[PDB]
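Contents: one structure, followed by commentary.
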Amino acid sequence: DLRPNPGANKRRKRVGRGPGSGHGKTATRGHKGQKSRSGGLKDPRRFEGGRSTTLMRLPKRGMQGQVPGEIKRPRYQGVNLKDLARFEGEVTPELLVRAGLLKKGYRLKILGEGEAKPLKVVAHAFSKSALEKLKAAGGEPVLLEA
Amino acid sequence: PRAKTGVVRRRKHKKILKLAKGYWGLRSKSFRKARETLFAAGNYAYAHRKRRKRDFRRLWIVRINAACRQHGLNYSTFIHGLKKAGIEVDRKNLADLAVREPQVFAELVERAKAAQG
Amino acid sequence: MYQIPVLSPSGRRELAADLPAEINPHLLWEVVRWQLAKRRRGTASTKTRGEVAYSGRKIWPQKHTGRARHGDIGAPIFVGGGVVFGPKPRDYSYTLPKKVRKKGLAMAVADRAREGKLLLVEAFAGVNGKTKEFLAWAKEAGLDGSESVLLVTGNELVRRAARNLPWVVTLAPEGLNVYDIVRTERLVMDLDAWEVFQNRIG
Amino acid sequence: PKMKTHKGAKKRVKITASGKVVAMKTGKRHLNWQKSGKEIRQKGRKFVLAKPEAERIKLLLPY
RNA sequence: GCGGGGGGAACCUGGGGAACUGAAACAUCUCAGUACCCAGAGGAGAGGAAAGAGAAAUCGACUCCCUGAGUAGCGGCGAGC
RNA sequence: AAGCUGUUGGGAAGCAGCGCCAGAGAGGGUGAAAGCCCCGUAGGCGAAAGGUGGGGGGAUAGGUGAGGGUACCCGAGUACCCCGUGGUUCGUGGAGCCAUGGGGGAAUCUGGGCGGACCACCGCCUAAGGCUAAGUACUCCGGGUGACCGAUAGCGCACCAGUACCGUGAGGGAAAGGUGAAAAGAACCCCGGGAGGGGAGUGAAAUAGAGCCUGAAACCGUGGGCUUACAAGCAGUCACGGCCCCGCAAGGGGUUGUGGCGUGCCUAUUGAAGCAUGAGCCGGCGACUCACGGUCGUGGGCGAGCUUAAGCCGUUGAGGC
RNA sequence: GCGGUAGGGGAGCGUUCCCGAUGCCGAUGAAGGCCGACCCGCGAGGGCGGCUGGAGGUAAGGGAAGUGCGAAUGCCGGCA
RNA sequence: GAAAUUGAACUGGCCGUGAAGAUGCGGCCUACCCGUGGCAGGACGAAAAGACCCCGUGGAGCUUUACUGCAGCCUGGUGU
RNA sequence: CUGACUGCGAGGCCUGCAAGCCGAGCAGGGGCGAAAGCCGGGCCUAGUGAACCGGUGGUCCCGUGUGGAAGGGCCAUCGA
Ligand SMILES: [Mg+2]
Ligand SMILES: [Mg+2]
Ligand SMILES: [Mg+2]
Ligand SMILES: [Mg+2]
Ligand SMILES: [Mg+2]
Ligand SMILES: [Mg+2]
Ligand SMILES: [Mg+2]
Ligand SMILES: [Mg+2]
Ligand SMILES: [Mg+2]
Ligand SMILES: [Mg+2]
Ligand SMILES: [Mg+2]
Ligand SMILES: [Mg+2]
Ligand SMILES: [Mg+2]
Ligand SMILES: [Mg+2]
Ligand SMILES: [Mg+2]
Ligand SMILES: [Mg+2]
Ligand SMILES: [Mg+2]
Ligand SMILES: [Mg+2]
Ligand SMILES: [Mg+2]
Ligand SMILES: [Mg+2]
Ligand SMILES: [Mg+2]
Ligand SMILES: [Mg+2]
Ligand SMILES: [Mg+2]
Ligand SMILES: [Mg+2]
Ligand SMILES: [Mg+2]
Ligand SMILES: [Mg+2]
Ligand SMILES: [Mg+2]
Ligand SMILES: [Mg+2]
Ligand SMILES: [Mg+2]
Ligand SMILES: [Mg+2]
Ligand SMILES: [Mg+2]
Ligand SMILES: [Mg+2]
Ligand SMILES: [Mg+2]
Ligand SMILES: [Mg+2]
Ligand SMILES: [Mg+2]
Ligand SMILES: [Mg+2]
Ligand SMILES: [Mg+2]
Ligand SMILES: [Mg+2]
Ligand SMILES: [Mg+2]
Ligand SMILES: [Mg+2]
Ligand SMILES: [Mg+2]
Ligand SMILES: [Mg+2]
Ligand SMILES: [Mg+2]
Ligand SMILES: [Mg+2]
Ligand SMILES: [Mg+2]
Ligand SMILES: [Mg+2]
Ligand SMILES: [Mg+2]
Ligand SMILES: [Mg+2]
Ligand SMILES: [Mg+2]
Ligand SMILES: [Mg+2]
Ligand SMILES: [Mg+2]
Ligand SMILES: [Mg+2]
Ligand SMILES: [Mg+2]
Ligand SMILES: [Mg+2]
Ligand SMILES: [Mg+2]
Ligand SMILES: [Mg+2]
Ligand SMILES: [Mg+2]
Ligand SMILES: [Mg+2]
Ligand SMILES: [Mg+2]
Ligand SMILES: [Mg+2]
Ligand SMILES: [Mg+2]
Ligand SMILES: [Mg+2]
Ligand SMILES: [Mg+2]
Ligand SMILES: [Mg+2]
Ligand SMILES: [Mg+2]
Ligand SMILES: [Mg+2]
Ligand SMILES: [Mg+2]
Ligand SMILES: [Mg+2]
Ligand SMILES: [Mg+2]
Ligand SMILES: [Mg+2]
Ligand SMILES: [Mg+2]
Ligand SMILES: [Mg+2]
Ligand SMILES: [Mg+2]
Ligand SMILES: [Mg+2]
Ligand SMILES: [Mg+2]
Ligand SMILES: [Mg+2]
Ligand SMILES: [Mg+2]
Ligand SMILES: [Mg+2]
Ligand SMILES: [Mg+2]
Ligand SMILES: [Mg+2]
Ligand SMILES: [Mg+2]
Ligand SMILES: [Mg+2]
Ligand SMILES: [Mg+2]
Ligand SMILES: [Mg+2]
Ligand SMILES: [Mg+2]
Ligand SMILES: [Mg+2]
Ligand SMILES: [Mg+2]
Ligand SMILES: [Mg+2]
Ligand SMILES: [Mg+2]
Ligand SMILES: [Mg+2]
Ligand SMILES: [Mg+2]
Ligand SMILES: [Mg+2]
Ligand SMILES: [Mg+2]
Ligand SMILES: [Mg+2]
Ligand SMILES: [Mg+2]
Ligand SMILES: [Mg+2]
Ligand SMILES: [Mg+2]
Ligand SMILES: [Mg+2]
Ligand SMILES: [Mg+2]
Ligand SMILES: [Mg+2]
Ligand SMILES: [Mg+2]
Ligand SMILES: [Mg+2]
Ligand SMILES: [Mg+2]
Ligand SMILES: [Mg+2]
Ligand SMILES: [Mg+2]
Ligand SMILES: [Mg+2]
Ligand SMILES: [Mg+2]
Ligand SMILES: [Mg+2]
Ligand SMILES: [Mg+2]
Ligand SMILES: [Mg+2]
Ligand SMILES: [Mg+2]
Ligand SMILES: [Mg+2]
Ligand SMILES: [Mg+2]
Ligand SMILES: [Mg+2]
Ligand SMILES: [Mg+2]
Ligand SMILES: [Mg+2]
Ligand SMILES: [Mg+2]
Ligand SMILES: [Mg+2]
Ligand SMILES: [Mg+2]
Ligand SMILES: [Mg+2]
Ligand SMILES: [Mg+2]
Ligand SMILES: [Mg+2]
Ligand SMILES: [Mg+2]
Ligand SMILES: [Mg+2]
Ligand SMILES: [Mg+2]
Ligand SMILES: [Mg+2]
Ligand SMILES: [Mg+2]
Ligand SMILES: [Mg+2]
Ligand SMILES: [Mg+2]
Ligand SMILES: [Mg+2]
Ligand SMILES: [Mg+2]
Ligand SMILES: [Mg+2]
Ligand SMILES: [Mg+2]
Ligand SMILES: [Mg+2]
Ligand SMILES: [Mg+2]
Ligand SMILES: [Mg+2]
Ligand SMILES: [Mg+2]
Ligand SMILES: [Mg+2]
Ligand SMILES: [Mg+2]
Ligand SMILES: [Mg+2]
Ligand SMILES: [Mg+2]
Ligand SMILES: [Mg+2]
Ligand SMILES: [Mg+2]
Ligand SMILES: [Mg+2]
Ligand SMILES: [Mg+2]
Ligand SMILES: [Mg+2]
Ligand SMILES: [Mg+2]
Ligand SMILES: [Mg+2]
Ligand SMILES: [Mg+2]
Ligand SMILES: [Mg+2]
Ligand SMILES: [Mg+2]
Ligand SMILES: [Mg+2]
Ligand SMILES: [Mg+2]
Ligand SMILES: [Mg+2]
Ligand SMILES: [Mg+2]
Ligand SMILES: [Mg+2]
Ligand SMILES: [Mg+2]
Ligand SMILES: [Mg+2]
Ligand SMILES: [Mg+2]
Ligand SMILES: [Mg+2]
Ligand SMILES: [Mg+2]
Ligand SMILES: [Mg+2]
Ligand SMILES: [Mg+2]
Ligand SMILES: [Mg+2]
Ligand SMILES: [Mg+2]
Ligand SMILES: [Mg+2]
Ligand SMILES: [Mg+2]
Ligand SMILES: [Mg+2]
Ligand SMILES: [Mg+2]
Ligand SMILES: [Mg+2]
Ligand SMILES: [Mg+2]
């Protein structure tokens with residue numbers, strides 16, 4: 001096969017609208033036709049009227065922050081045991097971070113629906129329901145500590 | 001990649017100018033006046049393409065009425081009788097028989113007369 | 001597809017490899033496009049009404065002048081003055097997904113193999129980096145110039161010998177890419193080159 | 001270049017897990033003086049919006 | 001006796017330091033330590049061997065790039081940064 | 001490195017014939033389209049003198065140990081605190097740390113700063129002296145390369161340009177490239193004061209004749225065909241007719257006599273033929289882009305997964321990690 | 001079923017540039033220009049014929065924009 | 001041997017009509033083709049993107065017991 | 001006598017937004033009545049103000065190495 005027609009399979013058409021002409025998007029050019037169609041409209045996203053925005057709502061979202069700001073803390077990443085049921089042997093945060101579901105969130109914590117495999121599991125915490133569903137299958141040690 | 005205006009604007013202009021010939025003054029030499037006058041001309045042409053019908057209908061009708069009035073009746077009586085006779089014949093134009101073969105026209109006058117009432 | 005002919009000093013035996021049967025032309029389109037758009041290089045330049053070399057003074061009062069109404073001569077309405085939306089230097093290349101690349105590659109080699117034009121070789125009598133030797137060897141392999149040929153091998157000397165030839169294009173094994181595969185009607189390459197080709201994908 | 005998030009928005013609006021936008025019921029801070037207990041419960045909750053709702057989303061989205 | 005003086009397209013450091021404009025007015029803020037003036041530097045300059053980072057009993061001079069991140073935060077908690 | 005013959009042409013590199021080199025089939029010139037005609041190209045070779053030169057090699061300056069005891073030293077109007085401010089994401093905020101104009105004013109390891117007011121505890125660090133390459137930035141200069149310009153473009157300037165010219169001055173700031181392969185640049189005769197032409201001659205071409213390739217449009221003229229001096233017109237259009245012209249034929253081209261009809265273009269407008277706005281006419285320049293970040297749609301790759309960024313390796317339009 | 005401004009949608013034409021190009025077209029004459037009552041397309045436009053001109057041009061199929069002018073008391077030049 | 005100006009012109013009167021103020025529309029009347037010398041009624045004649053008026057959350061100059069600032073002066077503590 | 005209750009709220013009215021308005025019924029605990037039942041203020045339609053900012057009380061919260069404290073959040077109520 002050769003450069004005669006690898007051509008894009010009849011849908012990608014670069015046909016950008018060229019509005020300056022006598023037919024298509026004549027004169028006024030693009031949707032304009034009036035005024036205050038010049039440099040640029042004020043936003044409009046959040047803005048305008050000049051009245052009060054929707055800004056009449058309010059921040060209940062407290063703890064917005066202090067000057068030192070963010071307080072670093074062990075962020076807990078959860079994981080359903082139905083996605084854990086994909087493989088079987090004896091899991092540790094290493095295996096979970098290797099599989100695809102963890103992403104170095106570090107503090108692992110199995111939970112949720114799905115069905116339990118009788119395998120073993122080390123974590124940092126355990127949800128009640130998961131702990132029970134897995135209790136009806138196999139063993140499980142708690143976190144390291146930190 | 002840059003692309004000057006180049007040949008294009010001339011070519012187009014020349015094309016319009018080709019129709020402009022025959023017009024008076026700048027109206028046939030200058031592209032702009034040529035364009036305007038060509039527009040007006042186009043519209044006039046389209047309208048008179050419908051005018052032609054009315055005009056010829058009228059001419060025919062006058063001639064028919066004249067030659068018909070030579071025999072004794074007017075165009076109204078003529079068409080009344082003719083359409084009443086059953087002769088859907090003669091798209092009014094073909095009543096040119098007023099000119100050539102007026103005898104046929106006369107027989108038609110009779111056939112309209114008797115069938116009129 | 002599979003049953004490609006392998007040439008060696010001992011006969012015309014055969015071989016086999018994966019090489020998908022189905023071949024989406026649009027994929028080759030996007031890969032080749034990516035290649036030609038990455039090999040592209042931005043350089044076209046122009047100057048704005050501020051990139052000009054003129055003054056800024058209002059050329060005349062505008063009030064009572066009777067004339068038009070203008071500012072500095074750098075304005076694009078002026079001849080010589082700044083360009084409007086002229087091209088500036090910019091990067092045309094992007095990141096086409098690796099999967100797509102290896103895909104299209106294997107697909108190109110596949111199509112060339114399906115046409116039968118592919119040919120794995122090991123016999124290289126044209127040892128010394130000399131055109132006439134490669135010409136005789138090509139005369140042996142059934143090459144003749146009737147078909148444009150892409151040659152792929154790690155041998156520097158063979159590369160040299162085939163380099164000047166117009167109906168042929170030199171190429172390293174790591175240089176293997178869809179554009180060159182598409183260019184030439186017929187593909188010929190080394191067992192080692194085909195091995196590392198299989199190493200990228202196979 | 002690279003849209004900065006609207007800090008005012010996030011400090012007072014929550015994006016739903018699906019797509020809707022949630023804010024607190026207004027009218028429960030300054031107008032109180034002897035307003036009925038019916039008021040201060042129904043104003044204590046949060047709610048959706050409508051078409052400014054669709055505007056709100058744009059003001060975030062890296063978030 | 002040794003050295004200095006002046007020049008150099010842009011780059012660099014330091015000493016000074018705006019307003020239009022933005023906020024659909026405007027004064028806090030914004031444009032911005034940007035324009036510019038001045039001094040000084042060299043093929044670069046600045047920076048640089050912790051009285052540091054800040055949460056790991058962890059890192060181990062400085063500079064530059066990607067990411068961290070439009071996060072932490074700052075803000076007539078507005079514009080915006 | 002590797003070319004001769006025939007052929008057409010004013011001229012071959014074209015055409016036809018057989019043939020040759022290639023680690024060179026990049027390109028440029030040669031009267032037209034050259035791998036082999038010239039300059040080059042692939043690939044190699046080269047410095048008495050100057051510059052550069054840890055990449056390598058030598059040399060020096062320099063540096064290298066354990067335990068005990070003693071109370072000597074360890075950067076001053078400094079630390080620290082307060083007043084007024086700067087820097088940091090920090091606008092006084094619960095406002096620390098670093099920096100310091102004013103005031104008070106120590107300690108020398110049982111010392112002192114700091115980890116966001118302050119306190120305790122737990123830890124990090126040694127202030128008030130100084131030096132240092134590399135990685136980074138830029139482009140007056142040199143080279144390379146363009147899905148960059150092609151004389152209104154591209155640097156303002158392809159050309160005797162920051163010139164002419166303008167302004168007291170700082171400053172402003174242009175236009176202007178083109179004979180032909182070769183000047184072979186037109187002797188001599190003729191008209192003319194010259195200018196300028198007519199022969200003649202050169203040349204493929206002089207409709208390449210010297211601001212000379214190609215020579216568009218407005219605009220100005222000459223000749224010719226048609227037409228007009230009782231006719232009321234956005235200048236056209238439809239109809240028939242006459243004169244003129246190309247064609248066997250039928251038809252067609254040009255013009256306009258009479259007849260029917262007919263309130264320029266753009267814009268701004270409730271509304272224009274408007275006594276509302278803009279254009280003397282012609283040619284060229286001229287206006288919805290790009291970057292990053294979003295959002296729906298969309299063509300594909302993959303799929304509980306998908307994708308890499310800087311960079312490194314490679315190459316010199318080769319991609320890979 | 002088909003009047004149509006603002007506006008939305010669909011399908012196309014031409015200009016420059018790249019792949020297709022170590023190619024094909026070009027002195028038996030390229031691009032550009034002038035002319036036409038001829039051919040094709042609804043149209044933007046493409047093609048042929050005569051003349052001029054003298055060295056370049058670029059298919060089918062794709063790619064990228066300094067891409068189409070009649071007006072801005074627009075800009076430059078030329079001429080009424 | 002210029003100039004402003006100039007959409008194009010084959011540019012008449014009345015009565016009406018119409019964005020109400022028509023050489024261009026309708027109706028009627030008038031008028032052989034081209035110029036020279038004069039007048040200035042019309043072409044809302046030329047000239048200046050109205051100096052009057054209003055609008056713009058435009059600019060600038062001035063005022064004061066408009067607001068907030070700054071210089072300058074008065075003033076307590078402190079260093080000298 | 002104190003339902004001028006606390007924890008809610010099916011379903012609507014009106015409505016661009018926000019906002020305003022009607023409300024059966026469930027759980028807790030009480031009022032009046034023998035009971036049936038009625039009570040989440042007044043025959044009803046005006047008697048009012050998003051947000052930012054701060055005052056006060058309260059509490060399952062956060063609180064920058066850890067323990068406190070400063071500060072902040074949440075609930076209640078206050079400054080037009
Ligand atoms: Mg339309
Ligand atoms: Mg227009
Ligand atoms: Mg309007
Ligand atoms: Mg805008
Ligand atoms: Mg609140
Ligand atoms: Mg903790
Ligand atoms: Mg999950
Ligand atoms: Mg143009
Ligand atoms: Mg005519
Ligand atoms: Mg009829
Ligand atoms: Mg600028
Ligand atoms: Mg400038
Ligand atoms: Mg200048
Ligand atoms: Mg200016
Ligand atoms: Mg004027
Ligand atoms: Mg060799
Ligand atoms: Mg190679
Ligand atoms: Mg109320
Ligand atoms: Mg209540
Ligand atoms: Mg509550
Ligand atoms: Mg409620
Ligand atoms: Mg800097
Ligand atoms: Mg504004
Ligand atoms: Mg203002
Ligand atoms: Mg201001
Ligand atoms: Mg600043
Ligand atoms: Mg230094
Ligand atoms: Mg800790
Ligand atoms: Mg480290
Ligand atoms: Mg170290
Ligand atoms: Mg800040
Ligand atoms: Mg020979
Ligand atoms: Mg020969
Ligand atoms: Mg010959
Ligand atoms: Mg020859
Ligand atoms: Mg080469
Ligand atoms: Mg030449
Ligand atoms: Mg060529
Ligand atoms: Mg050859
Ligand atoms: Mg060499
Ligand atoms: Mg050398
Ligand atoms: Mg040597
Ligand atoms: Mg030397
Ligand atoms: Mg010597
Ligand atoms: Mg020695
Ligand atoms: Mg020693
Ligand atoms: Mg010290
Ligand atoms: Mg002091
Ligand atoms: Mg202290
Ligand atoms: Mg501060
Ligand atoms: Mg302070
Ligand atoms: Mg604060
Ligand atoms: Mg100590
Ligand atoms: Mg101490
Ligand atoms: Mg510290
Ligand atoms: Mg602390
Ligand atoms: Mg300690
Ligand atoms: Mg200090
Ligand atoms: Mg450096
Ligand atoms: Mg260069
Ligand atoms: Mg190039
Ligand atoms: Mg020029
Ligand atoms: Mg030119
Ligand atoms: Mg010019
Ligand atoms: Mg002069
Ligand atoms: Mg002056
Ligand atoms: Mg001078
Ligand atoms: Mg100029
Ligand atoms: Mg020449
Ligand atoms: Mg002569
Ligand atoms: Mg004389
Ligand atoms: Mg010739
Ligand atoms: Mg010729
Ligand atoms: Mg000359
Ligand atoms: Mg020429
Ligand atoms: Mg000429
Ligand atoms: Mg001429
Ligand atoms: Mg001419
Ligand atoms: Mg006649
Ligand atoms: Mg008469
Ligand atoms: Mg008339
Ligand atoms: Mg005659
Ligand atoms: Mg006529
Ligand atoms: Mg007549
Ligand atoms: Mg007529
Ligand atoms: Mg208006
Ligand atoms: Mg009027
Ligand atoms: Mg007016
Ligand atoms: Mg007006
Ligand atoms: Mg206009
Ligand atoms: Mg005018
Ligand atoms: Mg105009
Ligand atoms: Mg013009
Ligand atoms: Mg756009
Ligand atoms: Mg959107
Ligand atoms: Mg959406
Ligand atoms: Mg689609
Ligand atoms: Mg597919
Ligand atoms: Mg998809
Ligand atoms: Mg799929
Ligand atoms: Mg990037
Ligand atoms: Mg990114
Ligand atoms: Mg590279
Ligand atoms: Mg190479
Ligand atoms: Mg319709
Ligand atoms: Mg329609
Ligand atoms: Mg409209
Ligand atoms: Mg070009
Ligand atoms: Mg190319
Ligand atoms: Mg090419
Ligand atoms: Mg010839
Ligand atoms: Mg020839
Ligand atoms: Mg021929
Ligand atoms: Mg010819
Ligand atoms: Mg010729
Ligand atoms: Mg061209
Ligand atoms: Mg062309
Ligand atoms: Mg031609
Ligand atoms: Mg068609
Ligand atoms: Mg045509
Ligand atoms: Mg044509
Ligand atoms: Mg032709
Ligand atoms: Mg040439
Ligand atoms: Mg093409
Ligand atoms: Mg225009
Ligand atoms: Mg114009
Ligand atoms: Mg002009
Ligand atoms: Mg003149
Ligand atoms: Mg007018
Ligand atoms: Mg006439
Ligand atoms: Mg009367
Ligand atoms: Mg009148
Ligand atoms: Mg009137
Ligand atoms: Mg009429
Ligand atoms: Mg009339
Ligand atoms: Mg007027
Ligand atoms: Mg007057
Ligand atoms: Mg004006
Ligand atoms: Mg005005
Ligand atoms: Mg005005
Ligand atoms: Mg004035
Ligand atoms: Mg206004
Ligand atoms: Mg005013
Ligand atoms: Mg206002
Ligand atoms: Mg307003
Ligand atoms: Mg104002
Ligand atoms: Mg203003
Ligand atoms: Mg104002
Ligand atoms: Mg003034
Ligand atoms: Mg002012
Ligand atoms: Mg005054
Ligand atoms: Mg002040
Ligand atoms: Mg003084
Ligand atoms: Mg004092
Ligand atoms: Mg004193
Ligand atoms: Mg309550
Ligand atoms: Mg109520
Ligand atoms: Mg109830
Ligand atoms: Mg009782
Ligand atoms: Mg009861
Ligand atoms: Mg009730
Ligand atoms: Mg009451
Ligand atoms: Mg009562
Ligand atoms: Mg209200
Ligand atoms: Mg409060
Ligand atoms: Mg409070
Ligand atoms: Mg308490
Ligand atoms: Mg508490
Ligand atoms: Mg704490
Ligand atoms: Mg507080
Ligand atoms: Mg509190």
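Can you tell which of A:49, A:105, A:20 shows the greatest fluctuation in a Gaussian network model of chain A with Cα springs below 10 Å?
Maximum fluctuation in the GNM of chain A, among the listed residues, is at A:20.
For segment C:97-112, just list the computed ³J(HN,Hα) in residue order, Karplus coefficients 6.51, -1.76 and 1.60, θ = phi - 60°, integers in Hz, with x standing in for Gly and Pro.
x, 4, 3, 4, 5, 4, 3, x, 4, 4, 6, 5, 4, 4, 5, 4
Taking the Cα atoms only, what angle lies between the long axis of helix B:75-85 and the longest principal axis of chain B, rounded to 10 degrees?
Roughly 70 degrees between the two axes.
Using only Cα atoms, what Kirkwood radius does segment B:1-57 have, in angstroms?
Numbers: mean 1/r = 0.0753 Å⁻¹.
The Cα-based Kirkwood calculation yields 13.3 Å.
What's the extension gain from residue A:113 to residue A:32 if we count 0.36 nm per residue and subtract their Cα-Cα distance?
Values: separation 81, 0.36 × 81 = 29.16 nm, distance 5.50 nm.
The span from residue A:113 to residue A:32 would gain 23.7 nm if fully extended.
Please tell me which of these pairs span more than 24 angstrom C-alpha to C-alpha: B:14/C:88; A:32/C:47; A:109/A:135; B:4/C:63; A:13/B:12? The partial results should precede the final answer.
Values: B:14/C:88 36 Å; A:32/C:47 29 Å; A:109/A:135 15 Å; B:4/C:63 35 Å; A:13/B:12 28 Å.
Over 24 Å Cα-Cα: B:14/C:88; A:32/C:47; B:4/C:63; A:13/B:12.
Two decimals is fine: what's Rg over Rh for chain D, C-alpha atoms, Kirkwood radius as Rh? Working shown, then result.
On the way: Rg = 14.7 Å, Rh = 13.4 Å.
Reported Rg/Rh, Kirkwood definition of Rh: 1.09.
Modelling each spin label as a point 7 Å along the Cα-to-Cβ direction, I'd like the residue D:34/residue A:120 distance in nm, to one decimal.
Each label point is offset 7 Å from its Cα along the Cβ direction, giving 7.2 nm.
For chain C, with a Gaussian network of springs between Cα atoms less than 10 Å apart, report the residue from C:183, C:101, C:49 with the top mean-square fluctuation.
C:49
How far is helix C:25-38 tilted, in degrees, relative to the longest principal axis of the Cα atoms in chain C, given as a value from 0 to 90 rounded to the nearest 10?
It works out to around 60 degrees.
Full-extension gain between residue D:61 and residue D:12, please, as 0.36 nm times their residue separation minus the C-alpha to C-alpha distance. Before the final figure, lay out the partial values.
Working: separation 49, 0.36 × 49 = 17.64 nm, distance 1.51 nm.
Result for the pair: 16.1 nm of gain on full extension.
Please identify which residues in segment C:135-152 have an amide N closer than 14 Å to a label point set 7 Å out from the Cα of residue A:2, following the Cα→Cβ vector.
Within reach of a label on residue A:2: C:145-150.
Among the listed pairs B:92/B:113; C:38/C:98; C:38/C:117; A:103/C:38; C:98/C:130, give every one whose C-alpha distance is greater than 26 Å. Show your work: numbers first, answer last.
Values: B:92/B:113 18 Å; C:38/C:98 14 Å; C:38/C:117 29 Å; A:103/C:38 33 Å; C:98/C:130 37 Å.
Checking Cα-Cα distances, C:38/C:117; A:103/C:38; C:98/C:130 exceed 26 Å.
In Å and on Cα atoms, what radius of gyration and Dmax does segment C:14-99 show?
Spelled out, the Cα radius of gyration and Dmax of segment C:14-99 are 25.8, 92 Å.
Which peptide among C:133-144, D:52-63 comes first, and what is the full order, when sorted by highest mean count of other Cβ atoms within 10 Å? Provide the component values of the computation, followed by the final result.
Working: C:133-144: 16.2, D:52-63: 14.3.
Going from most to least packed, we get C:133-144, D:52-63.
Over 27 Å apart: what share of the alpha carbon pairs of chain A falls there, rounded to a whole percent? Walk me through the intermediate numbers first.
On the way: 6625 of 10585 pairs.
When every Cα pair of chain A is considered, 63 percent fall beyond 27 Å.
Using the alpha-carbon centroid of each, what span in Å lies between segment C:90-155 and segment B:1-77?
Cα centres, segment C:90-155 to segment B:1-77: 68 Å.
Using Cα pairs closer than 8 Å and at least 6 residues apart in sequence, work out the relative contact order for segment C:95-202, in percent.
Numbers: 151 pairs, mean separation 35.7, N = 108.
Across segment C:95-202, relative contact order equals 33 percent.
Would you grab the residues whose amide H sits under 5 Å from the one on residue D:21? Only those 5+ places off in sequence or on another chain, please, with H modelled 1.01 Å from N.
Those qualifying (amide H under 5 Å, at least 5 residues apart or on another chain) are D:16, D:49.
Assuming a viscosity of 1.002 mPa s and a temperature of 20 °C, what translational diffusion coefficient in µm² per second does Stokes-Einstein assign to the protein assembly as shown, Rh being the Kirkwood radius over Cα pairs? Before the final figure, lay out the partial values.
Working: Rh = 36.3 Å.
For these conditions, the coefficient is 59 µm²/s.
What residues qualify as long-range amide H neighbours of residue C:52, i.e. H under 5 Å apart, gap of 5 or more or another chain, H built at 1.01 Å from N?
Amide H neighbours of residue C:52: none.
Starting at the first residue of segment D:25-34, write each ³J(HN,Hα) from the Karplus equation 6.51 cos²θ - 1.76 cosθ + 1.60 with θ = phi - 60°, in whole Hz, x for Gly and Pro.
Result, ordered by residue: 5, 6, x, 6, 6, 10, 7, 5, 6, 6 Hz.
Only Cα pairs within less than 10 Å get springs; with that Gaussian network setup on chain A, which residue of A:65, A:78, A:39 has the largest fluctuation?
Of A:65, A:78, A:39, the Gaussian network model singles out A:39 as fluctuating most.
Starting at the first residue of segment C:73-86, write each ³J(HN,Hα) from the Karplus equation 6.51 cos²θ - 1.76 cosθ + 1.60 with θ = phi - 60°, in whole Hz, x for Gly and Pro.
With coefficients 6.51, -1.76 and 1.60, one gets 6, x, 4, x, 6, 6, 6, x, x, x, 6, 7, 10, x Hz.
Which value, in debye to the nearest 20, gives the size of the charge dipole of segment A:1-119 about its Cα centre, when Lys and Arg are +1 and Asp and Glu are -1 at the Cβ?
Details: 30 positive and 10 negative charges, 236 e Å.
It works out to roughly 1140 debye.
According to a simple spin-label model (label point 7 Å from Cα along Cα-to-Cβ), what is the distance in nm between residue A:87 and residue B:28?
Each label point is offset 7 Å from its Cα along the Cβ direction, giving 9.1 nm.
Roughly what % of DSSP beta bridges within the protein assembly as shown run antiparallel, to the nearest 5? Numbers along the way, then the final one.
Working: 5 of 24 bridges.
Around 20 percent antiparallel, to the nearest 5.
Take the Cα radius of gyration of segment C:99-195 and divide it by 2.2 N^0.38 Å, with N its residue count; two decimals is plenty. Show your work: numbers first, answer last.
On the way: Rg = 12.7 Å, N = 97, 2.2 N^0.38 = 12.5 Å.
So segment C:99-195 has a normalised radius of gyration of 1.02.
What number in nm² do you get for segment C:50-163 if you take the convex hull of its Cα atoms and divide its surface by four?
On the way: hull surface 61.5 nm².
Result: 15.4 nm².
Per residue of C:30-42, count partner chain C-beta atoms within 10 Å of its C-beta, then hand back the mean as an integer.
Values: counts 4, 1, 2, 3, 0, 0, 0, 0, 0, 0, 0, 0, 0.
Partner Cβ neighbours, averaged per residue: 1.
Kindly state, to the nearest 0.05, the FRET efficiency for residue B:41 paired with residue C:164, given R0 = 56 Å and r defined as their beta-carbon distance.
Values: r = 67 Å, r/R0 = 1.20.
According to the calculation, E is roughly 0.25.
Roughly how tilted is helix B:7-20, in degrees to the nearest 10 and between 0 and 90, from the longest Cα axis of chain B?
The angle comes out at about 30 degrees.
Divide by every residue of the protein assembly as shown the summed helix terms, -39500 (n - 2.57) for each DSSP H run of at least 4, and state the resulting mean residue ellipticity at 222 nm, rounded to the nearest 500 deg cm²/dmol. Kindly include the intermediate steps, with their values, before the conclusion.
Working: 17 runs with 184 residues, N = 528.
Value at 222 nm, helices only, nearest 500: -10500 deg cm²/dmol.
Neighbour counts run over all protein chains shown; Cβ positions are idealised from the backbone, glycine included. Only the coordinates and a few stated rules stand behind these numbers; no lab work does.
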